[PDB]
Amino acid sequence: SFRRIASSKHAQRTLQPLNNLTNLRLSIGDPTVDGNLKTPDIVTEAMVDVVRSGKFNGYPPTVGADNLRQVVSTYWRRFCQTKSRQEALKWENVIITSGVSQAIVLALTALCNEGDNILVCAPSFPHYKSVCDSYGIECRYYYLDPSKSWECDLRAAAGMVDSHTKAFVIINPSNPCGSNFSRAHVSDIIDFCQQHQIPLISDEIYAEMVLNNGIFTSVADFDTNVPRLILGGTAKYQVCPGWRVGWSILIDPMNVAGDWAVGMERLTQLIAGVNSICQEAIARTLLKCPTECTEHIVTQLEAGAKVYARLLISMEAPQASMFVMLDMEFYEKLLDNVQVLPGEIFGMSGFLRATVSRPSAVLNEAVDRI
């Protein structure tokens, strides 16, 4: 015979509730489903050129190709309204990752040990909770106030901070809330992080996907010595999540977080980096994508916002991202044939996440069915 082989504690406690939960589907967080949103043609053709050259099939540096890091550094400068802020973004502090999902893993596991906690918004993109449970880090939720435009309850969060608290995480613009934070509110967050002396992690992957001529405020656009780790990429706004490319950018002017940066660098060695074809294709086109491409998608999202309004169930209208928030029992009865998502999944019972990114013809039929 042969002794049964069991798995590790690490594997056993690694759970993704969304995926575990798994016809008109308003539950899907992937902009490629219908084809109404499209990757820019120049990116598609840069990929064609790059793979046909045969010059980008070799090993990249595990931290990312130099030129893509440089380009990403240059690209994020546009979110900075000032020269000093812009100069504070250095390519040396850019890391290319296998999607933002990996950037989250690297950020959290280079920073925390088992037994630590981080403060994370609720409701939230579930990956932070999943990564935390996987590695024995506590995901300590602070709550977002839906009646104050889904702003962070900074009064409450203060009471959650202790000696094992290692970071403060925000998602802005937000999946699942569709929120877009004001400049003053982002300033408060930074001050909060200063008062409590913890780094700020800002998931800014929807940066290009603000609606209604809204203003996006990146944690980069401030004069502060508070270390900030910005996570972003092209997966959502260039409609190519399956390419598995994203990045993290550290802004640390007084250099208080250098070991974190080194730790993240060292940990890229484990899977040894990112698809070399996509890295070069994005390095060639990231700065050349015209406002019009981002402007077509934003208009397409504004349409979905209009369709959900007919239901008015209450809701805070979306200012950004691809979702609106409007609980488990309601979800189950709808399928028995429309698919929504319960906010339970995201850390806040009593809501439903619905997607804005599908065609009106699909949405209208589903909103009517609701």
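Residue numbers here begin at 1 and follow the sequence given.
Problem - Deposited-sequence gap flanked by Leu312 and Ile313 - result: Unmodelled stretch: 4 to 9 residues.
Exercise for the section: Pick one of none, 1 to 3, 4 to 9 or 10 or more for the number of deposited-sequence residues not modelled between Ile42 and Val43. Expected result: According to the record, the chain runs unbroken from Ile42 to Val43.
Exercise for the section: Take the C-alpha B-factors listed in the entry for 230-238 and for 139-147, compute each mean, and give the stretch with the larger one. Expected result: The stretch with the larger mean CA B-factor is 139-147.
Exercise for the section: Using the B-factors recorded in the PDB entry, average over the C-alpha atoms of 94-102 and of 74-82, then report which stretch comes out higher. Expected result: Here the higher of the two C-alpha B-factor means belongs to 74-82.
Exercise for the section: Specify which of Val63, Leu68, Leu301, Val48 carries the largest Cα B factor in the deposited PDB entry. Expected result: Going by the entry's C-alpha B-factors, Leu301 comes out highest.
Exercise for the section: Can you pull the Cα B-factors for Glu295, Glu280, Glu208, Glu204 from the entry and say which is highest? Expected result: When the deposited C-alpha B-factors of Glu295, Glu280, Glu208, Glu204 are compared, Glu295 is largest.
Exercise for the section: Could you say whether, by C-alpha temperature factor, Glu87 belongs to the lowest, middle or highest third of its chain? Expected result: Ranked within chain, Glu87 CA B lands in the middle tercile.
Exercise for the section: Tell me, lowest, middle or highest third: where does the Cα B factor of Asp259 rank within its chain? Expected result: Answer is lowest: the recorded C-alpha B-factor places it there.
Exercise for the section: For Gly246, return the chain-relative third of its C-alpha B-factor as stated in the PDB record: lowest, middle or highest. Expected result: Lowest third.
Practice task
Could you tell me which third, lowest, middle or highest, the C-alpha B-factor of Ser321 occupies within its chain?
Solution key: Its C-alpha B-factor, which the entry lists for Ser321, ranks in the middle third among residues of this chain.
Exercise for the section: Sort the modelled residues of this chain by their C-alpha B factor and say whether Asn212 lands in the lowest, middle or highest third. Expected result: Highest third - that is where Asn212 ends up once the chain's C-alpha B-factors are sorted.
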